[PDB]
2 protein chains.
Amino acid sequence: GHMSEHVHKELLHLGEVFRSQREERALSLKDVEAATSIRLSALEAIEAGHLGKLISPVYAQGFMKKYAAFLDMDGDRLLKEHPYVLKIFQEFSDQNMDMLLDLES
Amino acid sequence: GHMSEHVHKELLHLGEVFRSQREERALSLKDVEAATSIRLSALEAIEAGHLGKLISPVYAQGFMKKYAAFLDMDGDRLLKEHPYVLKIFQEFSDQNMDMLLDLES
């Protein structure tokens, strides 16, 4: 609706502000990731103005998975052994999706 | 209540699994951040089992601020020029806090 249309228009404009400034400096997205340690996928989503890619992840879940992999643990198994944590990450993920859906309405 | 008590107990245990494995390898949290590019604050929150520190941030807002600073832009001003984006980040932040509050109830 009206609100979501303004949000998406602003996100596109904002993404172009970032991209323009990056391109002025002749840097790649990978250069920015190196300097800032902001993940490439997040930088891409910012420049594209993509709300879902920005808001949908349960970022803590991903941090746990990545940390587990670095430590040679099976993060999927580890989180399954913590079913209350696992369920709440699922619930937060579904909440993120609901909120994205409601914004459109 | 019952559910939140299990969640917090599991998060503490999970954090100790991570810390134990890290310490076995004699790595610091900063070493892990270097290898994984997971922010130190996120690693700390995982090891401490701190739900609020994990779930409360609107991570995209922080990514935008950090990217803006790297590009010598005032991220606060930039987001204020996008009031629909700014308002929704505030709304997501308040939602995260509400959900944390409700879990306890």
# chains A, B, ... in the order shown; residues from 1 in each chain; ligands from 1

$ residues_around --residues "residue B:80" --least-positions-apart "2" --cutoff "12 Å" --atoms "only C-alpha atoms" --output "VMD selection string"
(chain A and resid 10 14) or (chain B and resid 61 65 74 to 78 82 to 90)

$ write_last_selection --atoms "C-alpha atoms" --output "mmCIF file, in the first residue's frame"
data_model
loop_
_atom_site.group_PDB
_atom_site.id
_atom_site.type_symbol
_atom_site.label_atom_id
_atom_site.label_comp_id
_atom_site.auth_asym_id
_atom_site.auth_seq_id
_atom_site.Cartn_x
_atom_site.Cartn_y
_atom_site.Cartn_z
ATOM 1 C CA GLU A 10 13.319 5.299 -0.412
ATOM 2 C CA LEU A 14 19.301 5.116 -0.504
ATOM 3 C CA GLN B 61 20.459 -0.264 10.309
ATOM 4 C CA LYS B 65 25.596 3.271 9.421
ATOM 5 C CA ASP B 74 26.886 11.098 7.986
ATOM 6 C CA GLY B 75 24.750 7.966 8.319
ATOM 7 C CA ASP B 76 22.495 9.576 10.890
ATOM 8 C CA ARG B 77 21.691 12.424 8.507
ATOM 9 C CA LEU B 78 21.360 10.061 5.558
ATOM 10 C CA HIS B 82 14.731 8.617 4.407
ATOM 11 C CA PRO B 83 12.014 8.928 7.065
ATOM 12 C CA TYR B 84 10.024 5.900 5.921
ATOM 13 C CA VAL B 85 13.101 3.665 6.206
ATOM 14 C CA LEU B 86 13.983 5.419 9.626
ATOM 15 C CA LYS B 87 10.513 4.855 11.018
ATOM 16 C CA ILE B 88 10.466 1.216 9.976
ATOM 17 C CA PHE B 89 13.859 0.592 11.609
ATOM 18 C CA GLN B 90 12.435 2.120 14.792
#

$ interface_residues --of "chain B" --to "chain A" --cutoff "7 Å" --atoms "only C-alpha atoms" --output "ChimeraX atom specification"
/B:6-7,10-11,21-22,37-38,54-55,60,63,71,82,84-85

$ write_last_selection --atoms "N, CA and C atoms" --output "PDB file, in the first residue's frame"
ATOM      1  N   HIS B   6      13.815 -22.276  30.035  1.00  0.00           N
ATOM      2  CA  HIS B   6      14.549 -23.274  29.235  1.00  0.00           C
ATOM      3  C   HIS B   6      15.448 -22.598  28.179  1.00  0.00           C
ATOM      4  N   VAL B   7      14.951 -21.556  27.509  1.00  0.00           N
ATOM      5  CA  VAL B   7      15.709 -20.833  26.484  1.00  0.00           C
ATOM      6  C   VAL B   7      17.016 -20.291  27.065  1.00  0.00           C
ATOM      7  N   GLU B  10      19.460 -23.103  27.973  1.00  0.00           N
ATOM      8  CA  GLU B  10      20.079 -23.629  26.764  1.00  0.00           C
ATOM      9  C   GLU B  10      21.106 -22.653  26.206  1.00  0.00           C
ATOM     10  N   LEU B  11      20.790 -21.340  26.146  1.00  0.00           N
ATOM     11  CA  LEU B  11      21.749 -20.383  25.572  1.00  0.00           C
ATOM     12  C   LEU B  11      23.035 -20.366  26.365  1.00  0.00           C
ATOM     13  N   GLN B  21      35.271 -25.086  23.000  1.00  0.00           N
ATOM     14  CA  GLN B  21      35.930 -25.473  21.760  1.00  0.00           C
ATOM     15  C   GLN B  21      36.960 -24.443  21.314  1.00  0.00           C
ATOM     16  N   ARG B  22      36.627 -23.170  21.470  1.00  0.00           N
ATOM     17  CA  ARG B  22      37.585 -22.110  21.190  1.00  0.00           C
ATOM     18  C   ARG B  22      38.827 -22.205  22.076  1.00  0.00           C
ATOM     19  N   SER B  37      35.133 -13.132  10.261  1.00  0.00           N
ATOM     20  CA  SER B  37      34.524 -11.822  10.054  1.00  0.00           C
ATOM     21  C   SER B  37      33.191 -11.642  10.791  1.00  0.00           C
ATOM     22  N   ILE B  38      32.917 -12.494  11.775  1.00  0.00           N
ATOM     23  CA  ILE B  38      31.781 -12.290  12.652  1.00  0.00           C
ATOM     24  C   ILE B  38      32.208 -11.253  13.678  1.00  0.00           C
ATOM     25  N   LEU B  54      21.696 -10.699  21.162  1.00  0.00           N
ATOM     26  CA  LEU B  54      21.618 -11.381  19.873  1.00  0.00           C
ATOM     27  C   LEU B  54      20.462 -10.942  18.994  1.00  0.00           C
ATOM     28  N   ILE B  55      19.299 -10.712  19.598  1.00  0.00           N
ATOM     29  CA  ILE B  55      18.038 -10.454  18.882  1.00  0.00           C
ATOM     30  C   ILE B  55      17.646  -8.990  18.770  1.00  0.00           C
ATOM     31  N   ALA B  60      20.410  -4.452   9.875  1.00  0.00           N
ATOM     32  CA  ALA B  60      20.532  -3.676   8.627  1.00  0.00           C
ATOM     33  C   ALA B  60      20.810  -2.220   8.874  1.00  0.00           C
ATOM     34  N   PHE B  63      24.428  -1.974   9.582  1.00  0.00           N
ATOM     35  CA  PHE B  63      25.228  -2.127   8.377  1.00  0.00           C
ATOM     36  C   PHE B  63      25.239  -0.812   7.594  1.00  0.00           C
ATOM     37  N   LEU B  71      32.305   5.449   3.876  1.00  0.00           N
ATOM     38  CA  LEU B  71      32.234   6.333   2.716  1.00  0.00           C
ATOM     39  C   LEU B  71      32.235   7.811   3.099  1.00  0.00           C
ATOM     40  N   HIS B  82      15.558   9.722   4.866  1.00  0.00           N
ATOM     41  CA  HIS B  82      14.731   8.617   4.407  1.00  0.00           C
ATOM     42  C   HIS B  82      13.803   8.264   5.561  1.00  0.00           C
ATOM     43  N   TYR B  84      10.761   7.160   5.933  1.00  0.00           N
ATOM     44  CA  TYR B  84      10.024   5.900   5.921  1.00  0.00           C
ATOM     45  C   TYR B  84      10.926   4.724   6.309  1.00  0.00           C
ATOM     46  N   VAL B  85      12.150   4.715   5.817  1.00  0.00           N
ATOM     47  CA  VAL B  85      13.101   3.665   6.206  1.00  0.00           C
ATOM     48  C   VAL B  85      13.346   3.795   7.686  1.00  0.00           C
TER      49      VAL B  85
END

$ select_by_dssp --residues "chain A" --states "alpha helix (DSSP H)" --output "compact mmCIF listing (two decimals) with N, CA, C and O atoms, in the first residue's frame"
# COMPACT_ATOMS: atom_id res chain seq x y z
N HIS A 2 0.30 2.37 0.44
CA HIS A 2 0.99 3.66 0.40
C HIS A 2 2.31 3.62 1.17
O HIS A 2 3.33 4.03 0.65
N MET A 3 2.28 3.12 2.40
CA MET A 3 3.47 3.12 3.22
C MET A 3 4.57 2.26 2.61
O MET A 3 5.75 2.69 2.50
N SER A 4 4.20 1.05 2.18
CA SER A 4 5.22 0.19 1.59
C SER A 4 5.78 0.78 0.30
O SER A 4 6.97 0.65 0.01
N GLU A 5 4.94 1.43 -0.48
CA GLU A 5 5.45 2.04 -1.70
C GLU A 5 6.49 3.14 -1.40
O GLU A 5 7.53 3.19 -2.07
N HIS A 6 6.25 3.95 -0.36
CA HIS A 6 7.28 4.95 0.00
C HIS A 6 8.56 4.27 0.51
O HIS A 6 9.64 4.70 0.18
N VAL A 7 8.44 3.23 1.34
CA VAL A 7 9.59 2.51 1.89
C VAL A 7 10.47 1.96 0.76
O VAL A 7 11.66 2.14 0.74
N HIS A 8 9.85 1.29 -0.19
CA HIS A 8 10.65 0.66 -1.25
C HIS A 8 11.29 1.72 -2.14
O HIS A 8 12.44 1.58 -2.59
N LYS A 9 10.59 2.83 -2.39
CA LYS A 9 11.15 3.90 -3.21
C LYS A 9 12.35 4.52 -2.47
O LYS A 9 13.40 4.78 -3.07
N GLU A 10 12.20 4.77 -1.19
CA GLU A 10 13.32 5.30 -0.41
C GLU A 10 14.49 4.32 -0.40
O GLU A 10 15.64 4.74 -0.51
N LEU A 11 14.23 3.01 -0.20
CA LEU A 11 15.35 2.05 -0.14
C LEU A 11 16.11 2.03 -1.45
O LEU A 11 17.34 1.92 -1.44
N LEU A 12 15.42 2.13 -2.58
CA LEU A 12 16.13 2.17 -3.87
C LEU A 12 17.02 3.42 -3.96
O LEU A 12 18.17 3.35 -4.38
N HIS A 13 16.49 4.57 -3.55
CA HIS A 13 17.23 5.80 -3.59
C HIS A 13 18.46 5.74 -2.67
O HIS A 13 19.56 6.11 -3.05
N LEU A 14 18.24 5.24 -1.46
CA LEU A 14 19.30 5.12 -0.50
C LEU A 14 20.41 4.20 -1.05
O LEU A 14 21.60 4.49 -0.94
N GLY A 15 19.99 3.09 -1.65
CA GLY A 15 20.97 2.16 -2.21
C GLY A 15 21.82 2.82 -3.29
O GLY A 15 23.01 2.56 -3.40
N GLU A 16 21.18 3.67 -4.09
CA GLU A 16 21.89 4.40 -5.12
C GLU A 16 22.83 5.45 -4.56
O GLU A 16 23.86 5.71 -5.15
N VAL A 17 22.49 6.04 -3.42
CA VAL A 17 23.42 6.98 -2.76
C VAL A 17 24.71 6.21 -2.39
O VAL A 17 25.83 6.66 -2.65
N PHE A 18 24.55 5.05 -1.75
CA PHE A 18 25.71 4.22 -1.40
C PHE A 18 26.51 3.83 -2.63
O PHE A 18 27.72 4.01 -2.68
N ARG A 19 25.83 3.31 -3.64
CA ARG A 19 26.52 2.85 -4.84
C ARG A 19 27.27 3.99 -5.51
O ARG A 19 28.42 3.84 -5.92
N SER A 20 26.65 5.16 -5.63
CA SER A 20 27.28 6.32 -6.26
C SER A 20 28.56 6.70 -5.55
O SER A 20 29.58 7.00 -6.17
N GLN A 21 28.50 6.74 -4.22
CA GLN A 21 29.67 7.12 -3.44
C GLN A 21 30.78 6.09 -3.53
O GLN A 21 31.96 6.44 -3.64
N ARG A 22 30.41 4.82 -3.51
CA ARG A 22 31.39 3.76 -3.71
C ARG A 22 32.07 3.85 -5.08
O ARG A 22 33.30 3.73 -5.20
N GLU A 23 31.26 4.04 -6.11
CA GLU A 23 31.78 4.12 -7.47
C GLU A 23 32.64 5.36 -7.67
O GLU A 23 33.62 5.32 -8.42
N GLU A 24 32.34 6.46 -6.97
CA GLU A 24 33.19 7.65 -7.06
C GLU A 24 34.60 7.34 -6.62
O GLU A 24 35.57 7.83 -7.20
N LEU A 29 32.46 -3.78 -4.26
CA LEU A 29 31.79 -4.27 -3.06
C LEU A 29 32.71 -5.13 -2.20
O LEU A 29 32.70 -5.05 -0.99
N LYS A 30 33.54 -5.95 -2.84
CA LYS A 30 34.50 -6.75 -2.09
C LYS A 30 35.53 -5.90 -1.35
O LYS A 30 35.94 -6.24 -0.24
N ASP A 31 35.92 -4.77 -1.94
CA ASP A 31 36.82 -3.84 -1.23
C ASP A 31 36.15 -3.31 0.01
O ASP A 31 36.78 -3.17 1.06
N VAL A 32 34.87 -2.98 -0.10
CA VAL A 32 34.16 -2.45 1.05
C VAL A 32 34.06 -3.52 2.13
O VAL A 32 34.27 -3.27 3.32
N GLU A 33 33.72 -4.74 1.73
CA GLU A 33 33.63 -5.84 2.70
C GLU A 33 34.96 -6.02 3.44
O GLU A 33 35.01 -6.24 4.66
N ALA A 34 36.06 -5.93 2.71
CA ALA A 34 37.37 -6.08 3.33
C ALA A 34 37.64 -5.00 4.40
O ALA A 34 38.21 -5.28 5.46
N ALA A 35 37.26 -3.75 4.11
CA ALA A 35 37.57 -2.64 4.98
C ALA A 35 36.65 -2.57 6.19
O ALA A 35 37.06 -2.15 7.28
N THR A 36 35.40 -2.98 5.99
CA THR A 36 34.37 -2.80 7.00
C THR A 36 34.01 -4.09 7.71
O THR A 36 33.37 -4.05 8.75
N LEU A 40 29.38 -9.25 2.28
CA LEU A 40 29.06 -8.88 0.92
C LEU A 40 27.57 -8.94 0.65
O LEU A 40 27.03 -8.00 0.02
N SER A 41 26.86 -9.97 1.11
CA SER A 41 25.45 -10.11 0.84
C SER A 41 24.66 -8.91 1.43
O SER A 41 23.67 -8.49 0.88
N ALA A 42 25.08 -8.44 2.60
CA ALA A 42 24.42 -7.30 3.22
C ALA A 42 24.67 -6.01 2.41
O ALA A 42 23.76 -5.22 2.19
N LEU A 43 25.90 -5.82 1.95
CA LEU A 43 26.22 -4.67 1.11
C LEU A 43 25.39 -4.71 -0.17
O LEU A 43 24.91 -3.66 -0.62
N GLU A 44 25.27 -5.87 -0.80
CA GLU A 44 24.50 -6.01 -2.01
C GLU A 44 23.05 -5.64 -1.74
O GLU A 44 22.42 -4.96 -2.56
N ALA A 45 22.50 -6.10 -0.63
CA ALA A 45 21.10 -5.84 -0.31
C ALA A 45 20.86 -4.35 -0.05
O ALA A 45 19.81 -3.82 -0.41
N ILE A 46 21.81 -3.69 0.61
CA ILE A 46 21.73 -2.25 0.80
C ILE A 46 21.70 -1.55 -0.55
O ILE A 46 20.83 -0.70 -0.81
N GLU A 47 22.64 -1.86 -1.44
CA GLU A 47 22.70 -1.14 -2.71
C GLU A 47 21.48 -1.43 -3.58
O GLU A 47 21.05 -0.55 -4.33
N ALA A 48 20.91 -2.62 -3.47
CA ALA A 48 19.72 -2.98 -4.24
C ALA A 48 18.45 -2.46 -3.61
O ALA A 48 17.39 -2.54 -4.21
N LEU A 51 14.44 -4.84 0.98
CA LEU A 51 14.01 -4.94 2.37
C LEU A 51 14.04 -6.37 2.89
O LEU A 51 14.51 -6.62 4.00
N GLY A 52 13.49 -7.29 2.13
CA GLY A 52 13.44 -8.68 2.57
C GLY A 52 14.82 -9.22 2.84
O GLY A 52 15.02 -9.94 3.85
N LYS A 53 15.78 -8.97 1.98
CA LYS A 53 17.12 -9.49 2.22
C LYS A 53 17.75 -8.87 3.44
O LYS A 53 18.63 -9.48 4.05
N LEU A 54 17.36 -7.63 3.78
CA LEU A 54 17.90 -6.95 4.95
C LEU A 54 17.29 -7.39 6.27
O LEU A 54 17.99 -7.47 7.28
N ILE A 55 15.98 -7.62 6.28
CA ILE A 55 15.20 -7.88 7.51
C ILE A 55 14.91 -9.34 7.79
O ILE A 55 14.68 -9.71 8.93
N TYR A 59 19.82 -13.10 12.25
CA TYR A 59 21.26 -12.98 12.09
C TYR A 59 22.02 -13.82 13.13
O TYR A 59 23.08 -14.37 12.81
N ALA A 60 21.52 -13.88 14.35
CA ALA A 60 22.21 -14.66 15.39
C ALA A 60 22.34 -16.12 15.05
O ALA A 60 23.33 -16.76 15.41
N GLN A 61 21.34 -16.67 14.37
CA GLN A 61 21.36 -18.07 13.94
C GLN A 61 22.52 -18.27 12.99
O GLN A 61 23.28 -19.24 13.08
N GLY A 62 22.66 -17.35 12.05
CA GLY A 62 23.73 -17.43 11.07
C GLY A 62 25.07 -17.28 11.76
O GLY A 62 26.03 -17.98 11.40
N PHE A 63 25.20 -16.36 12.72
CA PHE A 63 26.48 -16.21 13.41
C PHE A 63 26.85 -17.53 14.10
O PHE A 63 28.01 -17.95 14.09
N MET A 64 25.87 -18.15 14.75
CA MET A 64 26.14 -19.41 15.44
C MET A 64 26.60 -20.50 14.47
O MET A 64 27.54 -21.25 14.77
N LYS A 65 25.94 -20.63 13.34
CA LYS A 65 26.30 -21.61 12.32
C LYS A 65 27.70 -21.40 11.82
O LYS A 65 28.48 -22.34 11.64
N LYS A 66 28.04 -20.15 11.53
CA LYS A 66 29.36 -19.82 10.98
C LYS A 66 30.46 -20.06 12.02
O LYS A 66 31.54 -20.56 11.70
N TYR A 67 30.18 -19.70 13.27
CA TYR A 67 31.15 -19.92 14.33
C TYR A 67 31.36 -21.43 14.52
O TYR A 67 32.48 -21.92 14.63
N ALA A 68 30.26 -22.18 14.52
CA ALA A 68 30.37 -23.63 14.69
C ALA A 68 31.21 -24.21 13.57
O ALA A 68 32.07 -25.08 13.83
N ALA A 69 30.98 -23.81 12.33
CA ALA A 69 31.77 -24.35 11.23
C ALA A 69 33.25 -24.04 11.38
O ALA A 69 34.09 -24.90 11.13
N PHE A 70 33.58 -22.84 11.83
CA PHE A 70 34.97 -22.47 12.03
C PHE A 70 35.60 -23.40 13.07
O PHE A 70 36.77 -23.75 12.97
N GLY A 75 26.95 -27.30 13.12
CA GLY A 75 26.07 -26.31 13.69
C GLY A 75 24.61 -26.71 13.64
O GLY A 75 23.85 -26.37 14.53
N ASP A 76 24.23 -27.44 12.59
CA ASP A 76 22.87 -27.91 12.48
C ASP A 76 22.55 -28.87 13.62
O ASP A 76 21.52 -28.75 14.28
N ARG A 77 23.45 -29.81 13.88
CA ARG A 77 23.28 -30.76 14.96
C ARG A 77 23.29 -30.04 16.31
O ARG A 77 22.47 -30.31 17.19
N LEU A 78 24.22 -29.11 16.46
CA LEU A 78 24.37 -28.40 17.72
C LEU A 78 23.07 -27.65 18.06
O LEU A 78 22.59 -27.70 19.22
N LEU A 79 22.49 -26.95 17.09
CA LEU A 79 21.28 -26.21 17.38
C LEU A 79 20.11 -27.17 17.61
O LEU A 79 19.27 -26.90 18.46
N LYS A 80 20.07 -28.30 16.91
CA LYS A 80 19.03 -29.30 17.17
C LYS A 80 19.09 -29.87 18.59
O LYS A 80 18.07 -30.29 19.13
N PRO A 83 16.69 -27.46 21.48
CA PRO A 83 15.41 -27.25 20.78
C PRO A 83 14.67 -25.99 21.16
O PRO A 83 13.91 -25.47 20.33
N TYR A 84 14.84 -25.48 22.36
CA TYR A 84 14.20 -24.22 22.72
C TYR A 84 14.81 -23.05 21.95
O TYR A 84 14.07 -22.16 21.52
N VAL A 85 16.12 -23.04 21.81
CA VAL A 85 16.78 -21.99 21.02
C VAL A 85 16.30 -22.12 19.60
O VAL A 85 15.99 -21.08 18.98
N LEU A 86 16.35 -23.36 19.01
CA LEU A 86 15.95 -23.75 17.59
C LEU A 86 14.54 -23.32 17.22
O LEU A 86 14.32 -22.68 16.19
N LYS A 87 13.61 -23.64 18.11
CA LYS A 87 12.23 -23.18 17.99
C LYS A 87 12.13 -21.66 18.03
O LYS A 87 11.42 -21.07 17.20
N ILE A 88 12.82 -20.99 18.94
CA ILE A 88 12.69 -19.54 18.93
C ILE A 88 13.30 -18.91 17.69
O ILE A 88 12.78 -17.91 17.23
N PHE A 89 14.37 -19.47 17.15
CA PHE A 89 14.92 -18.92 15.90
C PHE A 89 13.91 -19.10 14.78
O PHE A 89 13.76 -18.22 13.94
N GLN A 90 13.25 -20.24 14.71
CA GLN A 90 12.16 -20.44 13.76
C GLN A 90 11.04 -19.43 13.94
O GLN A 90 10.52 -18.87 12.97
N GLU A 91 10.68 -19.16 15.18
CA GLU A 91 9.62 -18.20 15.47
C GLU A 91 10.01 -16.78 15.10
O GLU A 91 9.19 -16.04 14.55
N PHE A 92 11.24 -16.38 15.38
CA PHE A 92 11.70 -15.07 14.95
C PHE A 92 11.72 -14.97 13.43
O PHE A 92 11.38 -13.93 12.88
N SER A 93 12.18 -16.03 12.75
CA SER A 93 12.20 -16.04 11.29
C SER A 93 10.79 -15.87 10.74
O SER A 93 10.58 -15.07 9.82
N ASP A 94 9.82 -16.62 11.25
CA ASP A 94 8.45 -16.48 10.80
C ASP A 94 7.86 -15.08 11.11
O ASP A 94 7.10 -14.55 10.30
N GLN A 95 8.23 -14.50 12.25
CA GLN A 95 7.84 -13.12 12.58
C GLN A 95 8.37 -12.11 11.58
O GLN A 95 7.64 -11.23 11.14
N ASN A 96 9.64 -12.26 11.20
CA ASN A 96 10.22 -11.36 10.21
C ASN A 96 9.41 -11.43 8.91
O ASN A 96 9.10 -10.40 8.30
N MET A 97 9.05 -12.64 8.49
CA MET A 97 8.28 -12.82 7.26
C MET A 97 6.88 -12.25 7.38
O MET A 97 6.35 -11.68 6.42
N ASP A 98 6.26 -12.42 8.54
CA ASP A 98 4.92 -11.89 8.76
C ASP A 98 4.94 -10.37 8.64
O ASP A 98 4.05 -9.77 8.05
N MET A 99 5.98 -9.76 9.18
CA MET A 99 6.02 -8.30 9.27
C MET A 99 6.23 -7.71 7.89
O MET A 99 5.63 -6.68 7.52
N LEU A 100 7.10 -8.34 7.12
CA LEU A 100 7.25 -8.05 5.69
C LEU A 100 5.94 -8.19 4.94
O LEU A 100 5.62 -7.33 4.13
N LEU A 101 5.17 -9.24 5.21
CA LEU A 101 3.88 -9.41 4.54
C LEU A 101 2.92 -8.29 4.94
O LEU A 101 2.20 -7.74 4.08
N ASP A 102 2.89 -7.95 6.23
CA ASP A 102 1.92 -6.97 6.73
C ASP A 102 2.22 -5.58 6.20
O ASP A 102 1.30 -4.78 5.98
N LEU A 103 3.49 -5.28 6.00
CA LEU A 103 3.86 -3.98 5.49
C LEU A 103 3.19 -3.76 4.15
O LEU A 103 2.76 -2.64 3.85
N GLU A 104 3.13 -4.78 3.32
CA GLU A 104 2.51 -4.63 2.00
C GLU A 104 1.01 -4.32 2.11
O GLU A 104 0.46 -3.55 1.32
